[PDB]
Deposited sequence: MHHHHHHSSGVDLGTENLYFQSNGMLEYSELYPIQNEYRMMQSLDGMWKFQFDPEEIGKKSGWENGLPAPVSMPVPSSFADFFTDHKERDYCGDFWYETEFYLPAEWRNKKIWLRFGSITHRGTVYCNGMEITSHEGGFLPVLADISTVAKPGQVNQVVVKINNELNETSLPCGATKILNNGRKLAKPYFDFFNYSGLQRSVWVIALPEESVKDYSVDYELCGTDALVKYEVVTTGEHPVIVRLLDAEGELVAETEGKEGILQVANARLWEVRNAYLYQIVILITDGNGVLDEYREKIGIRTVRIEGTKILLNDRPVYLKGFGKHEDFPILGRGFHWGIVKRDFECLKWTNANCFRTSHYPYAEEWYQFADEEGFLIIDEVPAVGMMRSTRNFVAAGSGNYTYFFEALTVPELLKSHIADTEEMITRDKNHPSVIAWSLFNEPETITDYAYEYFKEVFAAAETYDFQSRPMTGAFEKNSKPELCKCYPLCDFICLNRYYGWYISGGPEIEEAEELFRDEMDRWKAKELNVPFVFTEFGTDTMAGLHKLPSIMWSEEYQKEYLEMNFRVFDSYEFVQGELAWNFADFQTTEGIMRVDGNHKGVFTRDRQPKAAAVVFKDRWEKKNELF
């Protein structure tokens, strides 16, 4: 809100320079950096790639598992021509929390490790000179920020992250970093909302600028031809014979937002958008007025060595694999992803359930937690609302939902979410088993219900899989009898599966068991009319905390971590065709 979430672009009015590359880096186990002038430069740094997670480069346990304060630094030359523009550092994210310094000055701090951090360096920037940026980061886990966990202290004074969530505590500067220059009066935010009118469409819009000058809004088609133009910060663009953004058949217009000074332009922002509606009608999910059944995966930002580090190559391979399975959807489990993921989903016509990092929520630390949760929700929706791919918000993964105070908590979150989404698209959360139909008090808040279920894995696995199926149908029969008249989507179901572990008859952990488990789940899904989607857990094997239940991370991937299909991948491909 005191900054723009808009993705940076370069044109006559806006400039950008990438700060990706090798940064300087230093661990701060004694937490003395802020006390020792590290904001003016790290005393004994090593090199660290940005974007990347720092953990998997190192060869020593204490480096990989480092938990606490750690620092990044780089230097960059600022063109003289940027003088007296609004100059910002823009981090794709800072994981989990941190303070940004520039030229020795504290600029801003941010809590929440999966959304952009904007630091206004206009008054400290040195145009036509070398500038320095230093970031103090911390990756501890607690119960007043997302995602939740604890920090354990060894008798040696060493900290260890203790997640309440099933993914590895990757951290650092995991996304691209830019330094940008904006005009003194600029486009700060905008929102689009769509209506279909026969062969035509309406694009309702709102623009927020940092000034009072007039605004012109244009819409260009995919060839850059003008199809609609309008004046004012609020208005409607009429599009004749609109080419709708369709599932797995994208079409993107380009919105152009101009701030004018009479003759002259002060600012221009452009972004691709897609004309499409999403609506829940009874137990049906409708895209452009037609029912869609969601087919796909929960994913992670996870890849060998880079950790959660962003790379377009990972996006490209994953989308080719997704298409090969005939999927149409993924959920950003369990945190908003790099913006680039959504940009590409826009191009490929994929549907996204966008999820805030509200995972691991199973006292008087809740008011603070609620504040962070709402803040992350605000930032996520403000950042992602204009992607045609984003068709739902997931506002939690497996919280406590069965108490009265749980209700009041989530009422606040959903209320907040509703105020920030110009499109009021479907809002949901993923419930775990203990959110029994007879006990859960939060499912009424949801536009559709998401279930994570592991009947046949954590419950009655293996020799008991027939019992698992009965227990599954029993729970679904109870949901059915409630006649809630909402769609149900399975957002998780899967089995840990070691590539190459074959067994006849199948065993838990074998490739064959993954297939049989999936077949059983499908039989159950297909027995209930109100089921409207299936997102398997997980697209690919991914890193978790070490332990006796995780064999080099989580192996419920349908693909291996290096993005190759296990036997079960074909099962999905065949079913989703």
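By the record, the deposited chain contains unmodelled runs at 1-25, 388-406, 622-627, with no C-alpha atoms placed there.
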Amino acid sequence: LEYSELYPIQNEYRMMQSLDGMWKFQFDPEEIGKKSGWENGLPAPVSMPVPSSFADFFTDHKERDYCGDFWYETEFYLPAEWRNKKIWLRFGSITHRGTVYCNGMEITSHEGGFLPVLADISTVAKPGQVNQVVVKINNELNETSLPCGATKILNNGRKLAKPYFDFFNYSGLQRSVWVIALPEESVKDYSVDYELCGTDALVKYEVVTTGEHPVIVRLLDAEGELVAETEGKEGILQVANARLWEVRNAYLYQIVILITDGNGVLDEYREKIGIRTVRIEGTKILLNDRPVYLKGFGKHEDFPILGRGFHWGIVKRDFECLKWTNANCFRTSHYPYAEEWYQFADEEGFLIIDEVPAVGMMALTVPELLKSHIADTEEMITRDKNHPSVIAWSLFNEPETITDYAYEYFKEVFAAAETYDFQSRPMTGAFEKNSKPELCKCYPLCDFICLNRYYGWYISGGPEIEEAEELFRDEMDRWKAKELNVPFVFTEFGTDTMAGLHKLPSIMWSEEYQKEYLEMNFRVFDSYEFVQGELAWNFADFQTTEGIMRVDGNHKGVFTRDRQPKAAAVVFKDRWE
From here on, numbers count along this sequence of modelled residues.
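What we label the rigid core is the largest C-alpha set whose atoms superpose within 1.5 Å from one form to the other.
When the other structures are laid on the shown form by the core, the C-alphas of 321-329 and 398-406 differ in how far they drift in 7 other deposited structures of this protein; the larger average drift belongs to 398-406. Taking the root mean square of CA deviations in 7 other deposited structures of this protein after fitting on the rigid core, 117-125 and 426-434 differ, and the farther of the two is 426-434. Taking the PDB entry as given, 43-51 carries the higher mean Cα B factor of the two stretches 43-51 and 505-513.
For the pair 60-68 and 25-33, the record assigns the higher mean C-alpha temperature factor to 25-33.
Between the residues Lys480, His334, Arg383, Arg97, it is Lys480 that shows the highest Cα B-factor in the PDB record.
When the C-alpha B-factors of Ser460, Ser394, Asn452, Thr199 are ranked from the entry, the top spot goes to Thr199. Looking at the C-alpha B-factors along this chain, the one for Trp82 belongs to the highest third.
In this PDB entry, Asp318 carries a Cα temperature factor that places it within the lowest third of its chain's modelled residues.
Compared with the other modelled residues of the chain, the Cα B-factor recorded for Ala468 ranks in the middle third. Per the PDB record, residue ranking by Cα B-factor puts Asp302 in the lowest third of the chain. Sort the modelled residues of the chain by CA B factor and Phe114 lands in the lowest third.
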